[PDB]
Amino acid sequence: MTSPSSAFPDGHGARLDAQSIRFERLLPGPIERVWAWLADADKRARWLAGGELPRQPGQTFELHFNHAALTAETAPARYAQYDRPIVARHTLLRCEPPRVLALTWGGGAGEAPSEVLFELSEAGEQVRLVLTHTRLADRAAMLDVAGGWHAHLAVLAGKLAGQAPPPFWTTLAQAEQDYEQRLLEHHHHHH
């Protein structure tokens, strides 16, 4: 299992707003190393979700939305449903290693499920990771994924640094509080 104690990265809180998800972070390792966490389904089930990659772009793979789709172990009991590994099929857009990979996310909101662009740039020793969650209808959509998604960036840095992970629920709820205050919609269209 690849887990390198290399360096402890800092970060910046996203100011302003966007109609999509915009997070650029700096990770240790050239770029291929960081890609490992994106590709390997074993470790990914400990920082996101488990589910290996298919062969064709446009195909669907089946992954499991685990405890909060990251980790829970003990929850405020206000979730329950989100505390079980739910399997679902998802389309992958592109996977061009080691540089850029793209998929489509949970389509809980109306219209088509919004997509996720992982865009890595490789620096003189380290890697820039740009998380671009595309195809968001509005702040409601980013709020839809807000339930766990953004917080995964904390555990990523934690693992990639070789350190312990932070309080998930605290971070989740805090960011949830932010988003819920910014701008929201209740856009659920059930056929």
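Rules used in this analysis
- Residues numbered from 1 in each chain as written, not as in the entry; some residues may be left out.
- Heavy atoms only, no water.
- Helix = DSSP H or I, 4+ residues; strand = E, 2+ residues; numbered from the N terminus.
- Buried < 20%, exposed > 50% of the residue type's maximum accessible area, 1.4 Å probe, protein only.
- Contact = heavy atoms within 4.5 Å.
- Polar contact = N/O pair within 3.5 Å; in protein donor to acceptor, adjacent residues only side chain to side chain.
- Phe/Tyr/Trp six-rings, centres within 6.5 Å; stacked < 30°, edge-to-face > 60°.
- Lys NZ or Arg CZ within 6 Å of the ring centre and 35° of its normal.
- Pairing = 2+ DSSP bridges.

Determination of this PDB entry was carried out by solution NMR, according to the record.

Draft legend 1. Quick peek at the environment of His-190. By the secondary structure assignment, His-190 is in the segment after α5 (168-182). A residue is classified by how much of its surface remains accessible, and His-190, at 73% relative accessible area, is exposed. With 156 residues separating them in the primary sequence, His-190 and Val-34 have C-alpha atoms 38 Å apart.

Draft legend 2. Region of the structure containing helix α4 (residues 152-161). Here α4 lies mainly inside the structure; 8 of its 10 residues are buried. Buried residues of α4: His-152, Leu-153, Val-155, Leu-156, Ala-157, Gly-158, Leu-160 and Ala-161, and no others. Against β1 (21-27), α1 (32-39), β5 (115-122) and β6 (127-134) lie the buried residues of α4. Following α4 by one or two positions, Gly-162 has its phi on the positive side, about 90°.

Draft legend 3. Inspection of the side chain of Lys-43 at higher detail. Along the chain, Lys-43 falls in helix α2 (residues 41-44). There is a polar contact of 2.8 Å between the side chain of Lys-43 and the side chain of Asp-40. Dropping the residues within four chain positions of it, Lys-43 is found in contact with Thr-2, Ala-36 and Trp-37.

Draft legend 4. The packing of aromatic side chains, seen in detail. Per the counting criterion, the structure on display carries 5 aromatic pairs. Look at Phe-65 and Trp-105: their rings are 6.1 Å apart centre to centre, the planes differ by 80°, and that puts the pair in the edge-to-face class. Here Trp-105 lies in the loop between β4 (100-104) and β5 and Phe-65 lies in strand β2 (residues 60-65), a separation of 40 residues in the sequence. For the residue pair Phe-65 and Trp-105, the accessibility class agrees, reading buried in each case. Ring centres 6.0 Å apart and planes at 70° place the aromatic pair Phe-118 and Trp-149 in the edge-to-face group. Note that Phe-118 is positioned in strand β5 and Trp-149 in the loop between α3 (139-145) and α4, a separation of 31 residues in sequence. Classification of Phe-118 as buried rests on a relative accessible area of 6%. Within the aromatic cluster, the residues linked to one another by ring pairs are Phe-65, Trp-105, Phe-118 and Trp-149. The ring of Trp-37 carries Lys-43 above its face, with NZ or CZ at 5.6 Å from the centroid.

Draft legend 5. The arrangement of unusual backbone geometry in detail. Between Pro-97 and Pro-98 the backbone carries a cis peptide bond, its omega angle lying at -10°. Tracing the sequence through the fold places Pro-98 in the loop between β3 (86-96) and β4. With a phi angle near 70°, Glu-73 is a residue other than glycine that sits in the positive phi range. Locating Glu-73 in the fold gives a position in the loop between β2 and β3.

Draft legend 6. Molecular detail of the pairing of β5. Taken together, the 5 bridges between β4 and β5 define a ladder with antiparallel strand orientation. Note on β5: the bridge partner recorded for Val-100 is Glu-119. Inspection of the sheet shows β5 paired to β6 by 8 bridges, in the antiparallel sense. Paired with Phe-118 across the two strands is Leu-131, which belongs to β6. Counted between consecutive antiparallel strands, the loop separating β5 from β6 contains 4 residues.

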